[PDB]
Amino acid sequence: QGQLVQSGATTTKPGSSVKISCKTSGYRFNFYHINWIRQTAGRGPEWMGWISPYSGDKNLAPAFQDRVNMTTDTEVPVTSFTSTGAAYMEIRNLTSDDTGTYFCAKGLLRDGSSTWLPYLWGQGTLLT
Amino acid sequence: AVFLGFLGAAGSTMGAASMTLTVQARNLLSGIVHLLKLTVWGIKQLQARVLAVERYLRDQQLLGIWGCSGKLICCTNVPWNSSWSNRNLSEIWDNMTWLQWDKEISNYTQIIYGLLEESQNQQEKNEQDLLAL
Amino acid sequence: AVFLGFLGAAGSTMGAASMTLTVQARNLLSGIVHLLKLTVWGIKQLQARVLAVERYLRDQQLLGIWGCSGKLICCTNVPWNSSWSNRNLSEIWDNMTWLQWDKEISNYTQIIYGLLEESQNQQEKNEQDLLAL
Amino acid sequence: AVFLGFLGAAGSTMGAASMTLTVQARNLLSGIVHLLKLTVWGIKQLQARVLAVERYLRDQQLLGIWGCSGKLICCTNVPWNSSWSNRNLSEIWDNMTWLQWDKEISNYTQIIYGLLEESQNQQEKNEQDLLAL
Amino acid sequence: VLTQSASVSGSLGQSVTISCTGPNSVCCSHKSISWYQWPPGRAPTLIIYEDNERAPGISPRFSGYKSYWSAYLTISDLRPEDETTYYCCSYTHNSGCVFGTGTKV
Ligand SMILES: *[C@@H]1O[C@H](CO)[C@@H](O[C@@H]2O[C@H](CO)[C@@H](O[C@@H]3O[C@H](CO[C@H]4O[C@H](CO)[C@@H](O)[C@H](O[C@H]5O[C@H](CO)[C@@H](O)[C@H](O)[C@@H]5O)[C@@H]4O)[C@@H](O)[C@H](O[C@H]4O[C@H](CO)[C@@H](O)[C@H](O)[C@@H]4O)[C@@H]3O)[C@H](O)[C@H]2NC(C)=O)[C@H](O)[C@H]1NC(C)=O
Ligand SMILES: *[C@@H]1O[C@H](CO)[C@@H](O[C@@H]2O[C@H](CO)[C@@H](O[C@@H]3O[C@H](CO[C@H]4O[C@H](CO)[C@@H](O)[C@H](O[C@H]5O[C@H](CO)[C@@H](O)[C@H](O)[C@@H]5O)[C@@H]4O)[C@@H](O)[C@H](O[C@H]4O[C@H](CO)[C@@H](O)[C@H](O)[C@@H]4O)[C@@H]3O)[C@H](O)[C@H]2NC(C)=O)[C@H](O)[C@H]1NC(C)=O
Ligand SMILES: *[C@@H]1O[C@H](CO)[C@@H](O[C@@H]2O[C@H](CO)[C@@H](O[C@@H]3O[C@H](CO[C@H]4O[C@H](CO)[C@@H](O)[C@H](O[C@H]5O[C@H](CO)[C@@H](O)[C@H](O)[C@@H]5O)[C@@H]4O)[C@@H](O)[C@H](O[C@H]4O[C@H](CO)[C@@H](O)[C@H](O)[C@@H]4O)[C@@H]3O)[C@H](O)[C@H]2NC(C)=O)[C@H](O)[C@H]1NC(C)=O
Ligand SMILES: *[C@@H]1O[C@H](CO)[C@@H](O)[C@H](O)[C@H]1NC(C)=O
Ligand SMILES: *[C@@H]1O[C@H](CO)[C@@H](O)[C@H](O)[C@H]1NC(C)=O
Ligand SMILES: *[C@@H]1O[C@H](CO)[C@@H](O)[C@H](O)[C@H]1NC(C)=O
Ligand SMILES: *[C@@H]1O[C@H](CO)[C@@H](O)[C@H](O)[C@H]1NC(C)=O
Ligand SMILES: *[C@@H]1O[C@H](CO)[C@@H](O)[C@H](O)[C@H]1NC(C)=O
Ligand SMILES: *[C@@H]1O[C@H](CO)[C@@H](O)[C@H](O)[C@H]1NC(C)=O
Ligand SMILES: *[C@@H]1O[C@H](CO)[C@@H](O)[C@H](O)[C@H]1NC(C)=O
């Protein structure tokens, strides 16, 4: 299974800094990365970066190197294999050119060559 | 290196735990379990001793009637019926843990144990028919 | 197919019973034999448990000192002395049952168990002398 | 021939004793050790029975996690670190007895038991990677 | 920098052949290629990863192939729901997913 409910689709104006939430269920939140993907209207879809709900190790594209704060809090065990978690997304020197739909997607596998690959996506959120 | 210890990779992937099988193999019969006094602690310990050797040989007996005597990883000729689990390899050995894998394969575990049992009775009958020349 | 059950082919020919060996192999240690209370039924059951594992390993020990560890049908290098039984193959494997066969071969059963024992001590000494290069 | 008996070559050279291993192999579980009465001699015998099967399987377990299941003489891939004993072959197998050899190798006996344990976990992982084609 | 096909189409029953290539910066013999079915402004879907391994549940008509200079994605036996916009991606085990331009089918 797996679900990743995202935050609201509210809008602000340039210069600000917004927070996007992603709430997970039905899967062990710590066993897969959490990716942030952006589908702007005036650019091809961009991979922003992934983060580890277990190791805390984050990795973003150099286009977002010093402009994004990715944070996740610890999970809440529901069963032996089910937990609930959350992931957060931020932008610093923000303008109105960063407009589009934002998604959160968890990793594919736990090991191998396609560990972090965005496999399970959220419903997306509309921006400014 | 790593050496997670006894059952250390219980939360790891099935492929990673499949490299530390001797860790759990050697701890199936030793532990700490010299006269036999029949006290409340003595009858207790005597039971803990006999139970351990019983469950150890039941596994080694099944390992024998499948042609896997003294093996940690033996391969068979029984092919994987997809109705057991249609999951792919890369989403099992790099994804699932042995605990949840046993949770979903538990239904067909008695079916698989029969297919390996006669495949070994027929393989040793073929090996005799081949060395008859 | 057939599946005569545990000891089902006890009255069948030796060749037919030689195809249902796993049936009697798996029923040598399980059965029905969790605390150890020392009552009249408890001391009884405890004996039934220890006796079963003892006789099981005595067979597996002999199966080991002959090079047949984990085998239902192993072949040896000890040739058949006709003084044991001059009967032909087709009048044994398509004629006699394992019960009457054990009745007439019972005399030389201790002789055969020694020939296989040293043939295995010499085969593993030859295997070491061959891998020394 | 000779047939020195059980432990008969305890004072012989290691190479000579290495040809009478079945003599001590068969006397590790039989002996003389039918109801279970809990008397002073009965509780005694019951302990002597359970202890024998315990120590027998501990050896066979180590023999298993080294790939030597059912072997009197198996060879490994673990090479001899000279810091264990710098003695030469002709001054060991034609000179020392197994008792004094165990006296001087006793220190590193736990080190050697680990090298063989992972060499068997890696050999069976390589055998699986080779039959994957 | 990872250019896809401009566009293309077919008909019900036939097949498609999307493309995806680039320079030595993101392609191809030392990278893995993933293909995402992505309706415009909706929840995407992983179709193929590691230059031909389908995701759990992808139809066996979806297939991937990688040459030493370009990666392909065939879509055999077309069906109505195939009118989406597909994107390729080039990644390694410890990097990001450099997406592709786009292909309307
Ligand atoms: C418990 O459960 C968790 C979650 O499932 C397990 O954590 C996961 O472990 C697997 C296996 O190790 C990880 O997969 C690997 O991912 C790495 C990518 O990480 C690399 O990239 C980082 C950012 O680029 C980099 O900083 C790292 O470098 C060091 O820094 C971090 C800082 O925290 C440090 O913690 C690291 O240990 C590094 O020292 C890091 O290198 C990827 O490189 C791996 O691919 C290699 O290995 C595979 C085989 O394993 C091979 O096929 C490839 O070709 C390649 O050679 C591998 O994919 C995964 O990322 C972890 N996190 C998840 C899934 O969220 C944990 O292991 C479990 N523990 C137990 C005991 O069960
Ligand atoms: C208990 O003990 C009894 C007695 O010893 C065993 O019965 C014997 O079993 C063996 C093995 O099966 C029999 O040998 C076979 O004989 C058949 C010949 O019978 C065929 O011919 C009949 C008349 O022509 C025909 O009607 C039969 O067809 C059916 O009809 C009967 C009606 O009752 C039905 O019962 C049958 O079952 C048939 O369905 C029958 O076909 C012969 O064909 C066999 O040869 C084949 O198999 C051998 C290997 O087994 C092979 O080498 C050959 O090349 C060929 O392929 C085989 O010789 C014997 O006839 C039985 N009766 C005796 C000996 O009196 C019984 O099996 C034991 N049971 C147990 C559980 O131990
Ligand atoms: C207990 O411990 C003692 C002492 O260590 C052991 O005695 C030693 O045994 C070894 C192995 O058998 C002996 O080595 C052999 O030596 C012979 C040389 O002896 C020959 O020469 C004598 C004089 O020339 C000759 O008279 C002998 O012939 C008979 O006469 C004596 C009379 O007492 C009789 O007792 C003999 O038994 C003979 O029947 C004798 O032939 C040498 O020939 C041997 O070499 C052959 O064998 C080796 C392999 O074993 C092979 O490699 C060679 O190529 C060759 O084929 C062998 O070297 C040693 O001499 C004994 N004495 C010592 C060391 O002082 C005893 O065995 C131990 N017993 C137990 C139970 O542990
Ligand atoms: C992200 O926000 C948290 C909020 O307290 C802050 O502590 C952290 O330093 C921020 N990350 C970076 C890289 O500054
Ligand atoms: C799988 O098992 C079922 C019964 O459990 C059987 O009917 C079917 O033929 C098997 N299929 C394969 C491919 O083994
Ligand atoms: C196993 O059997 C139970 C019977 O209640 C069923 O609910 C469950 O889905 C089965 N699991 C599998 C994997 O077939
Ligand atoms: C058969 O055994 C006897 C002793 O039981 C022996 O004397 C004889 O040489 C043996 N013959 C064969 C052919 O093995
Ligand atoms: C076995 O020994 C007994 C001894 O009384 C003898 O009567 C019998 O004939 C012998 N059987 C065989 C098959 O040699
Ligand atoms: C021998 O063992 C020691 C440690 O006991 C180790 O440091 C050394 O490298 C080993 N040498 C060889 C040749 O195996
Ligand atoms: C074994 O260890 C003891 C420790 O007291 C030491 O005295 C002895 O020399 C050692 N033996 C060998 C062979 O290393």
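Residues numbered from 1 in each chain as written, not as in the entry; some residues may be left out. Chains lettered and ligands numbered in written order. Part of a larger assembly, values for the part shown. Heavy atoms only, no water.

For this deposition, the record names X-ray crystallography as the technique by which the model was determined and cites 2.9930 Å as its resolution.

## A few points about a nonpolar patch on the surface
Residue and element names in this part refer to chain B. Heads up, the condition is: Residues enter a patch when their relative accessible area is above 30% and they make no salt bridge; the linking distance is 9 Å between like charges and 5 Å between nonpolar side chains (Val, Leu, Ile, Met, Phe, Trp, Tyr). The method behind every accessible area is Shrake-Rupley, applied with a 1.4 Å probe, and residues are considered shielded solely by the protein chains displayed. The working definition used for a salt bridge is a side-chain nitrogen of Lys or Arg within 4 Å of a carboxyl oxygen of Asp or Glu. Helix and strand assignments follow DSSP, with helices taken as H or I runs no shorter than four residues and strands as E runs no shorter than two, numbered in order from the N terminus. Note on classification: 1.4 Å probe, protein chains only; a residue is buried when its accessible area is under 20% of the maximum for its type, exposed when over 50%, partly exposed between these limits.
Taken together, the side chains of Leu89, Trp93 and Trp98 present a nonpolar region at the surface, about 320 Å² in accessible area. Within the secondary structure, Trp93 sits in the loop between α3 (40–64) and α4 (98–105). According to the relative accessible area criterion, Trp93 is partly exposed, its value standing at 33%.

## Observations regarding the packing of aromatic side chains
As a reminder, the rule being used: Classification of ring pairs uses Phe, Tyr and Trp, with its six-membered ring standing for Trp, and accepts pairs whose centres are within 6.5 Å; under 30 degrees between planes counts as stacked, over 60 as edge-to-face, and the remaining range as tilted.
Applying the stated criterion across every chain, the model contains 24 aromatic pairs over all chains. Pairing B:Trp80 with B:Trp84 gives two aromatic rings, centres 5.0 Å apart and planes at 85°, and the pair type is edge-to-face. Using a relative accessible area of 44% as the deciding quantity, one classes B:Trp80 as partly exposed. Using a relative accessible area of 7% as the deciding quantity, one classes B:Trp84 as buried. Relative to E:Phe99, the ring of E:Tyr36 lies with its centre 5.8 Å away and its plane at 45°, an arrangement referred to as tilted. Of this pair, E:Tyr36 sits in strand β3 (residues 32–38) while E:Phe99 sits in strand β9 (residues 98–99), and the two are 63 residues apart along the sequence.

## Some points on the site of ligand 2
What counts is decided by this rule: Each residue is tested against the molecule or strand, and it is near if at least one of its non-hydrogen atoms lies within 4 Å.
The full set of residues close to ligand 2 is C:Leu4, C:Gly11 and C:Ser12. For ligand 2, whose free accessible area comes to 1200 Å², the fraction covered by protein is 7%.

## Observations regarding the interface of chain B and chain A
Just so we agree on the cut-off: The contact criterion used throughout is that any non-hydrogen atoms of two residues lie within 4.5 Å. For any pair of parts, buried area is found by adding up, for both, the accessible area (1.4 Å probe) each one loses once the two are put together. We define a polar contact as two N or O atoms separated by no more than 3.5 Å, with the added condition that, inside protein, one atom must be a possible hydrogen donor and the other a possible acceptor, whereas residues neighbouring each other in sequence contribute only through side-chain atom pairs. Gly counts as polar in this scheme, as do all residues outside two lists: the nonpolar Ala, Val, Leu, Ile, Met, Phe, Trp, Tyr, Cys and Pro, and the charged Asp, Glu, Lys and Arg.
Residue-level contacts link 11 residues of chain B with 8 residues of chain A. Roughly 690 Å² is buried in total at the junction of chain B and chain A, and carbon and sulfur atoms are behind 55% of that figure. Three residues, B:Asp94, B:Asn95 and B:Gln100, lead the burial of chain B against chain A; their summed loss comes to 55% of the area buried on that side. Connecting chain B to chain A are 4 residue pairs in polar contact. In the side of chain B that touches chain A, the residues fall into 1 nonpolar, 7 polar and 3 charged.

## What about the side chain of B:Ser12?
The topology assignment puts B:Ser12 in the segment before α1 (14–17). Residue B:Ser12 is classed as buried on the basis of its relative accessible area of 19%. If we ignore the near neighbours within four places in the chain, the residues touching B:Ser12 are A:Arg110, B:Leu4, B:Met96 and B:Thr97.

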